[PDB]
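Working notes, beginning with the structure itself.
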Amino acid sequence: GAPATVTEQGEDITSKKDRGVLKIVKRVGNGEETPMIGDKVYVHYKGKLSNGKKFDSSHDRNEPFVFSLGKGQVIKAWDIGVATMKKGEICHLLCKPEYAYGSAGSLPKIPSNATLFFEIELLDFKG
Amino acid sequence: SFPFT
């Protein structure tokens with residue numbers, strides 16, 4: 001399935017080249033510009049655990065998730081991954097725990113040492 | 001909580 005495919009076929013987008021965040025572009029977005037640090041970014045997402053459980057989805061809440069890019073308001077994988085996206089793009093991210101919640105995990109759904117899968121759509125970005 | 005931290 002999609003988690004396996006991005007695990008085996010994704011591109012390493014980390015600056016360290018440590019395979020901690022792999023990405024596949026599923027839907028090409030618009031033009032060439034990516035957001036800049038500090039921009040308000042609006043995303044839709046779906047997250048799955050390695051046991052197959054869906055642990056979150058913005059679609060189901062009927063509102064996008066909004067954060068300021070590059071400020072550590074989200075897991076590292078999201079700061080790194082969204083920074084690579086164009087407006088309108090959909091990608092898959094496969095995130096090792098060092099770029100997510102590490103040994104701590106995150107109650108209720110995310111265990112310790114969890115590799116996470118996400119589908120992310122970048123709806124918009126603005127300064 | 002997710003999707004924060």
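Where a number appears in this text, it was derived from the coordinates with a stated rule and is not lab data.
At a threshold of 8 angstrom on Cα-Cα distance, excluding pairs fewer than six apart, so keeping six or more, what relative contact order does chain A reach in percent?
On the way: 295 pairs, mean separation 41.0, N = 127.
It rounds to 32 percent for chain A.
Taking the convex hull of the Cα atoms, report for the protein assembly as shown its projected area averaged over all directions, in nm².
Working: hull surface 30.3 nm².
That works out to 7.6 nm².
Cα-Cα over 22 Å: which of A:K54/A:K86; A:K17/A:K54; A:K16/A:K46; A:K26/A:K54; A:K16/A:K48?
Details: A:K54/A:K86 25 Å; A:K17/A:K54 28 Å; A:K16/A:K46 26 Å; A:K26/A:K54 19 Å; A:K16/A:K48 25 Å.
Check vs 22 Å cut-off fails for A:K54/A:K86; A:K17/A:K54; A:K16/A:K46; A:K16/A:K48.
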